[PDB]
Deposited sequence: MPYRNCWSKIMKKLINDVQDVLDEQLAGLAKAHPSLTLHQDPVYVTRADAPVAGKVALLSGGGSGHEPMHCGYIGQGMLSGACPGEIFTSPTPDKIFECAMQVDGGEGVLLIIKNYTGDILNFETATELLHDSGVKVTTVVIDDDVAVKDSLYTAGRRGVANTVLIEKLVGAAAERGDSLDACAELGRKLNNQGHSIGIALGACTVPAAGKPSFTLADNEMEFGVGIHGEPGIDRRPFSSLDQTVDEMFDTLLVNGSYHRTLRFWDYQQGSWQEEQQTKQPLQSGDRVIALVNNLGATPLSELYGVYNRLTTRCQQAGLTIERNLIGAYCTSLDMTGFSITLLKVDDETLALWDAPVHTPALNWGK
């Protein structure tokens, strides 16, 4: 099995990780870490390094890969959470896809029934399309990475589960993403505008004219599609039931300070992502947005798709402190 070989390779390459079998999942080699909230995510393979490249101090305690573009089954999630439970609760980060919501919400109840204090955070940052192919609402994409890092730093400093959960839901309402593909993972000199990380259709197919023009269109869409009201369910561990919560996003606006993530969906040359970033900085400056930090690289992929996404996440001094905090994972590493 190729997927088997890929995970064995990840494990051999990174001794800070432990690959488990029966069922398969990955955790920090030092888990469970006593006394800190444990953070977990997962989803289909094909988005590497998300989420296994994010396992480590200051970020995920563990992750649950599934088959290509397919949610891990509930047994994997339950066993991974039990393995990382440090006595302070486990927070489940779930991207907004039908399969992921179903399997993670099922694991959540099984965990609850076994005495584990758990709660959830749903990510729906893709502003492009409401109700795509495998999603009720907006699709969960690259902002998931920014949220894992920020909530990961908060868990590592010792915040409670409730605190980690409220911060993740707040960030979710402040982060906005859009992606484009020039080639799947079907017409010359055309792009799928507002594409999904599983290959879901975007807003439309439109001509690619230049890098700068594509960025302008993506940026403009982030500015005008920001307003959003919807229900996101979360697990209330005190009542032991799902709570429907209306959640509100404000559009990005002049005066917002942001973290920018320019993300390779798969086969975009890094030189091009720097050109994207150059145009993005100009547009934010013109619109009154201050980019305070950035990440530019392959952080949330779709196999070998040719395209990239732009993510802008509103932040304040407290959030920036969580950004600057140490993280030690395969994909992201920085010290004090």
_Segments lacking C-alpha coordinates (deposited sequence numbering, starting at 1)_ = 1-19, 205-215
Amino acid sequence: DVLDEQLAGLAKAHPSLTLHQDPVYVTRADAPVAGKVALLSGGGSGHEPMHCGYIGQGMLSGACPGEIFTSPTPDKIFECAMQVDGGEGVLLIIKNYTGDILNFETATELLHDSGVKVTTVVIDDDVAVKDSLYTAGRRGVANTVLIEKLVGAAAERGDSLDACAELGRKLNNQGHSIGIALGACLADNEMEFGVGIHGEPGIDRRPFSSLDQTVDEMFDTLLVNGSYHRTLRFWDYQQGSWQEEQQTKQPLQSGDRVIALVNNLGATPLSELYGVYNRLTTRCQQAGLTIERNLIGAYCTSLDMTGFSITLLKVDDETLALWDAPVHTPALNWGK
From here on, numbers count along this sequence of modelled residues.
*Please work out which of 31-39 and 59-67 has the higher mean CA B-factor as recorded in the PDB entry.*
31-39
*Give the stretch, out of 89-97 and 203-211, with the larger mean C-alpha temperature factor in the deposited entry.*
203-211
*Out of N172, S227, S241, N103, highest CA B-factor residue*: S241
*Taking the values straight from the PDB record, which of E156, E245, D75, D126 has the highest C-alpha temperature factor?*
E245
*Sorting the chain's modelled residues by C-alpha B-factor, tell me whether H198 ends up in the lowest, middle or highest third.*
highest
*Lowest, middle or highest third: where is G137 by Cα B-factor in its chain?*
middle
*Could you say whether, by C-alpha temperature factor, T268 belongs to the lowest, middle or highest third of its chain?*
highest
*Classify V26 as lowest, middle or highest third according to the C-alpha B-factor given in the PDB entry, relative to its own chain.*
lowest
*Give the position of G297 by CA B-factor within its chain, expressed as the lowest, middle or highest third.*
middle
